[PDB]
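S.K.: Mind having a look at this structure? Questions to follow.
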Amino acid sequence: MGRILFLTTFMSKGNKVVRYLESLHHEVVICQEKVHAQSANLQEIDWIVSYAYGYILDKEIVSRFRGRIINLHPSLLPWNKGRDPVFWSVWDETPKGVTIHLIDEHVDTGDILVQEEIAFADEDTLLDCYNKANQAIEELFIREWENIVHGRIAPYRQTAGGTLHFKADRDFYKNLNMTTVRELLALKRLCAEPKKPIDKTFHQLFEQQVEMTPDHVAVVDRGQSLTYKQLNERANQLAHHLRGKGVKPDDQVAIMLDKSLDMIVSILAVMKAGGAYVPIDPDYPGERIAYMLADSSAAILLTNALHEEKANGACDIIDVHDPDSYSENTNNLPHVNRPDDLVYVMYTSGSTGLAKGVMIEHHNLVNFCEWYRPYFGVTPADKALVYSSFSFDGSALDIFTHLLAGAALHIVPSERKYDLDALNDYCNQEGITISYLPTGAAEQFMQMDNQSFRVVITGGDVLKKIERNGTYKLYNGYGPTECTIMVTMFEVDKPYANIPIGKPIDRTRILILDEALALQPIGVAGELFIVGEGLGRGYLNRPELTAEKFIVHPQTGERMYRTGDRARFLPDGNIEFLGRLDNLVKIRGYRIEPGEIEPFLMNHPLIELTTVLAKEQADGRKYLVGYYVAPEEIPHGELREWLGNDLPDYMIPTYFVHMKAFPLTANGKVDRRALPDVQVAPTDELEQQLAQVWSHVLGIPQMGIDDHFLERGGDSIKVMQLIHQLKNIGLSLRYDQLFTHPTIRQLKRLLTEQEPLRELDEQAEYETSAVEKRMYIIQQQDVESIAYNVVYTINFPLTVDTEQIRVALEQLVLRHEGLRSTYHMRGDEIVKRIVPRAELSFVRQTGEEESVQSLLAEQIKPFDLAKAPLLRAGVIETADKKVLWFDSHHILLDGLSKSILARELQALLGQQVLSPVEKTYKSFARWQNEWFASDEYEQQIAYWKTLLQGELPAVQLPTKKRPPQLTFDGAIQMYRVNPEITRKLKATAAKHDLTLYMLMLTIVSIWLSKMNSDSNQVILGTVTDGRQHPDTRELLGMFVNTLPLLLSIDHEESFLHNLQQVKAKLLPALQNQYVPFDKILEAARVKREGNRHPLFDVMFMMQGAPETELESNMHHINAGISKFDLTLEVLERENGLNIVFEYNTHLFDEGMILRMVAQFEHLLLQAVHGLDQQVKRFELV
Ligand SMILES: Nc1nc(=O)c2c([nH]1)NC[C@@H](CNc1ccc(C(=O)N[C@@H](CCC(=O)O)C(=O)O)cc1)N2C=O
Ligand SMILES: Nc1ncnc2c1ncn2[C@@H]1O[C@H](COP(=O)(O)CP(=O)(O)OP(=O)(O)O)[C@@H](O)[C@H]1O
Ligand SMILES: *P(=O)(=O)O[C]C([C])([C])[C]([O])C(=O)[N][C][C]C(=O)[N][C][C][N]C(=O)[C]([N][C]=O)[C]([C])[C]
Ligand SMILES: CC(C)[C@H](N)C(=O)O
Ligand SMILES: [Mg+2]
């Protein structure tokens, strides 16, 4: 009876509730926009029911309707008041449920009417939880509404407590809506602050150690040594003098000495006096020494007579070999330091810009030392090497960690540092048990037969070798100078493709963030941020740069450091290093980390060291150069063949540079900036002309006469491009001929023997293509169907202007006649008309991440093929993103058209000008129709007549009972082939004259065979370009053609043999692909009858890598439709394969399809490793 005002996020929210209320003969007025106290909308309103309402109701509205305002909140109040209640119930691990409550003045604080608990399974994604809760609260309302209107329910006040969250409280977690409950909590453990500080300075701890082990050896240099007591006394003597010369807390004192007893005395003396030491290696270039002394505020300098002159008399010199530099007093100084005072300043390499002084405090170093000693179980019996230059923090590790453990430091002889055979002898002679070595030196030392080491720590660069002649444990540590030596540590227990850098040290946490500084899910790559007790004070005399790299996170408020390193968390907690963010480069349509090639090339027997770099040429294109250290230069073809075993062509360096040894740097890393630069051929006239075409199609500088097309990065798309370019020389080439003559040499002989698309004039009406007719006929049978609608979405940031998007789309309508085309019936002829302008249906909406799928499904509606434009668009704006969507009819937007539609939209959004389109779809339609009357068409159609005349193999799939009629209810599952496996698949195909499509098609056909008790033949469908004329490569319209592939599988033969046979049947099919599908059914004597599709129930489609980034961010949305029993679409994304399993829901449930996917994966893994294995040995289980 009463009139109900319904308030919601959008008009569509809580449709079940609105439907139940109306069934009871309530009048339901829906309002999603803000309501005011004095409003017309509160006219004859008896009840206000709000449900995800985005505005607060004024104090006047609540008092006027007191007792009549009901709200549906999907949380167990008082927990999780305000926005995103379901998300916070999971993240803050609160009681879970849903609540119907009265509305009062404040947010979610009114007395409760009904409350119910709810449980989210560990495997449910947050989107599942959002929907599961909403579903629960809506049902609860429908059950208790009767009790609510009649006022039977006794309201009970809320308990004090609970959390009120706001819109911006979620910003940090915006990327986590697709994770599971188990995954989300897992991320919380790693990336969240806990709920004992450091209260000591290093020399406090050192002095403590001396009283415990006074007579233990502390430092050894060749034959001379000092005990902990002796070292302590002498350092105190120098420290009394230094503090007498004015050294105050935070004061910098330069030290310029060679590794020696004097160096360790000098370091400790500067700490005891109260200052921080600035190490200046005397072997540095004079330019750098002067820079370090000048940029540093150090007034005092400790040095020798030897290196005295290198200071240019700039500082007050204190000679460590002058007796008057040492006081008589041997006692420890009165302590004047605090753990937050500087302990040392070290400078970054002056390569990438200028050298910066890194300021490290006492508590930074103490934290590392106290972690290190128990982590490695360092005892007073251990002996450590002082190997690193004392200008790098690898030295701080050598000296400070082991001095607080009572161990003995061993100055490495200069003459034995670079001679690892000699160093190994010194270590075996003196019993050296643990030390740190930079990665470069570490990898070389692994060849030495060592018996003394117990632990070897390495770091600084990517570890690429672990095989070693020694019984010692190998550790991989990672960290920037800006965070004290190391922040993560990993024990190398077994081989890895990418040796992890491990887990954080004490009082340290690592975060993986995106560019917006928001958390990444576990297993997703982002920028590595460091938090905790390791972060130094900042950069000396560069406070702007310090605030830029030592950021205070805008949401968490914690101080973190931007490392610039790309990294990723593994499921086991270990971190994985993925290179520098700057080293990502696009090579011929693929975004790659060149460092991922090095382990493959290094595995070569004659190659010891490798580094691959990206270099630019005049064109602006990038190319790869693989440098290697080998005894002798290895021929280019041998290295290309070696890598071709595992990598596609685009990941094989175009040039290889041999070198005796790589130029290192003082820290001990390979010097990337110092690597040198780069220093049968066609002889015939036609051969040169062909090489120029190949070099442009494949994006390659020089093409060999015998180079195989597929070996050098060729695929079917570029096969078509090749035929296009050749006709720009008057040379006609057929698709099948490119695969029977895949080299320039074989193509020469074929072309020694042997028409633009003419735009049509203005006409009232134009012919249609064969494919356009079919689409129009299908749509006319079920007039309001949507099985042939195409829907995409693009997640845009909130900064993107909603108007520019709309304007870009409306510009595309003017540009492409297809967007201004309509289809009408003229007698018994389907005919096309073109309008000069057409209004674009564009919609703006505000929704929620949980609701986007629902909001969008409402927009998807049938098209009137006679009304233009045949495309709609809209933007659904959620809290953290703007979701652009557009729904088009398939008669206009095929697969390649989507790539074009994406390329231009990205350019229009980037403020770039597009030259007008040359040709129109009209002209191709007429050209193709008139071509049907030629001899070549009669040839093609004859191939299918003879192929499909005999008995056809009927593939049976393992389905539930088939519906009696053709059904189209569908769902989707997705299987991801990681980059490593995809890289192997592509290499295998090219190595054996196969495209990736050909290989995947064979795995699929075998898969269908195994499910048919190992049948000899299988029949499946596929899709082809349809771009018959070369001048249609940039047009919008439907060209794709559907082809039946009749394949044979010989289970007695090898996988390789079947690949070749499938290739043999595919090429003739593609040779005659330009026959309309309706004519192929007519030629096979088959009609669309029964509950099975004409020729095949399984469809296999494939799409190459995206041409542009905007296309990568396009996501094809499925509105629960399956045109066939089962469709497999392989899409190349993120250097991997996303294989979509679109399936009929009446034939499969989620269970069956998930087991079929697992079987398919298992079959794929066997097939890629089992090239010569007989196909019958492959098993699904
Ligand atoms: N008086 C009242 N009590 C309620 O419990 C209640 C309402 N009104 N109206 C609807 C809904 C609460 N919905 C919302 C939606 C958005 C914000 C909002 O704008 N939050 C801002 C900060 C709010 C402020 O400015 O103080 C934010 O940034 O999150 C608040 C409440 N609700 C029961 O479900
Ligand atoms: N165990 C490890 N594995 C892989 N890379 C590592 C690593 N340890 C360090 N690195 C790399 O080397 C960086 C740390 O080196 P640092 O000693 O801090 C000076 P740098 O950054 O190499 O050059 P710079 O002197 O111009 O600052 C890291 O940011 C990372 O890129
Ligand atoms: P070659 O590498 O051996 O490739 C052989 C092919 C696959 C036959 C090649 O010649 C080819 O034609 N590739 C393009 C085929 C194609 O268009 N795949 C995607 C088709 N998908 C759609 O049309 C969808 N609409 C928009 O995307 C829809 C029908 C699902
Ligand atoms: C120990 C230290 C030298 C660390 N490996 C670094 O990369 O700086
Ligand atoms: Mg650096």
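All letters in the sequence shown, in the order written, are residues 1 to 195, 199 to 682, 693 to 767, 773 to 1199 by the authors' numbering. Positions of the beta carbon are idealized from the N, C-alpha and C atoms, including for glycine.
Which residues bound the beta strand (DSSP E) around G360?
M.R.: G360 to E364
S.K.: Please say whether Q450 and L423 have beta carbons closer to each other than 9 Å?
M.R.: yes
S.K.: Got a sec? Which residues, its chain only, sit under 8 Å from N947 by beta carbon, not counting five neighbours each side?
M.R.: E785, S787 and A788
S.K.: Within this structure, are the beta carbons of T977 and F1166 separated by less than 9 Å?
M.R.: yes
S.K.: Less than 9 Å separating the beta-carbons of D122 and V181?
M.R.: yes
S.K.: Provide the residue(s) that pair with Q1192 in DSSP beta bridges, ordered along the chain.
M.R.: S1072
S.K.: Decide if the stretch 821 to 833 is in contact with the stretch 850 to 859; the criterion is three or more beta carbon pairs, one per stretch, under 8 Å apart.
M.R.: yes
S.K.: Does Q620 pass the burial test, meaning 16 or more other C-beta atoms within 10 Å, or should it be called exposed?
M.R.: Taking every protein chain shown into account, the CB of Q620 has fewer than 16 other CB atoms within 10 angstroms, so this residue is exposed.
S.K.: At which residues does the beta strand (DSSP E) containing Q863 begin and terminate?
M.R.: Where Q863 is concerned, the enclosing beta strand (DSSP E) stretches over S859 to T864.
S.K.: Taking the Cβ atom as the reference point for each residue, do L164 and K81 lie within a distance shorter than 9 Å?
M.R.: yes
S.K.: Suppose you measure from the CA of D719 to the CA of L735; what does that come to, to the nearest Å?
M.R.: Distance between the alpha carbons of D719 and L735: 17 Å.
S.K.: Express the C-alpha separation of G1138 and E1168 in angstroms, rounding to a whole number.
M.R.: 13 Å
S.K.: Residue range of the beta strand (DSSP E) that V893 falls in?
M.R.: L889 to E895
S.K.: With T442 as the anchor, note down where its beta strand (DSSP E) starts and where it stops.
M.R.: No beta strand (DSSP E) contains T442, which is instead part of the alpha helix (DSSP H) from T442 to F448.
S.K.: I need the DSSP call for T461, collapsed to helix, strand or coil.
M.R.: strand
S.K.: For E183, I'd like the list of residues in its chain whose CB is within less than 7 Å of its CB, leaving aside the five on either flank, ordered along the chain.
M.R.: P524 and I525
S.K.: Would you mind stating whether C430 and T404 have Cβ atoms separated by less than 9 Å?
M.R.: no
S.K.: List, from N- to C-terminal side, the alpha helix (DSSP H) runs of 4 residues or more that fit wholly inside the stretch 601 to 666.
M.R.: Taking 4 residues as the minimum length, the alpha helix (DSSP H) runs contained wholly in the stretch 601 to 666 are 601 to 605 and 639 to 646, in order along the chain.
S.K.: Keeping to the same chain, check which residues put their C-beta closer than 6 Å to that of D58; ignore five residues upstream and five downstream.
M.R.: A37
S.K.: Who are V673's beta bridge partners in DSSP?
M.R.: DSSP lists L667 as the beta-bridge partner residues of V673.
S.K.: Would you mind working out which of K1105, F532 and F1142 sits nearest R980, comparing C-alpha positions?
M.R.: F1142
S.K.: Ligand 4 heavy atoms versus the CB of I578: any closer than 8 Å?
M.R.: no
S.K.: Pull up the CB-CB distance for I488 and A410, whole angstroms please, since I reckon it's below 8 Å.
M.R.: At roughly 17 Å, the Cβ-Cβ gap does not stay under 8 Å, so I488 and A410 are not in contact.
S.K.: Can you tell me the Cα-Cα spacing of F120 and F881, whole angstroms?
M.R.: 40 Å
S.K.: Could you give the uninterrupted runs of the alpha helix (DSSP H) lying entirely in the stretch 45 to 111, keeping only those of 4 residues or more?
M.R.: Assignment of alpha helix (DSSP H) within the stretch 45 to 111, counting only whole runs of 4 or more residues, yields 59 to 64 and 85 to 91 in chain order.
S.K.: Specify, as a first and last residue, the run of the beta strand (DSSP E) that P1062 falls within.
M.R.: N1059 to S1066
S.K.: The beta strand (DSSP E) that contains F172, what's its start and end?
M.R.: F172 -> no beta strand (DSSP E), and no H or E assigned at all.
S.K.: Let's test the definition: count the other Cβ atoms within 10 Å of the Cβ of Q233 and tell me whether it reaches 16, buried, or not, exposed.
M.R.: buried
S.K.: Does the separation of the CB atoms of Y542 and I554 fall below 9 Å?
M.R.: no
S.K.: Decide if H243 is buried, meaning its Cβ has at least 16 other Cβ atoms within 10 Å, or exposed.
M.R.: buried
S.K.: Considering only the beta carbon of each residue, do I283 and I320 sit closer than 9 Å?
M.R.: no
S.K.: Compare the C-alpha of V459 against each of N479, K467 and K468 and name the closest.
M.R.: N479
S.K.: If you count every other CB in all the chains shown that lies within 10 Å of the CB of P483, and 16 or more means buried, which is it?
M.R.: buried
S.K.: Answer yes or no: the CB of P483 versus the heavy atoms of ligand 5, is any distance below 8 Å?
M.R.: yes
S.K.: Output needed for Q877: all residues of its chain with C-beta closer than 8 Å, excluding positions within five of it in sequence on either side, in chain order.
M.R.: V861, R890, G892, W903 and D905
S.K.: Just to confirm before moving on: does the CB-CB distance between residue 197 and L874 stay below 9 Å?
M.R.: Coordinates for residue 197 are simply not present: the residues of the chain run from 195 and resume at 199.
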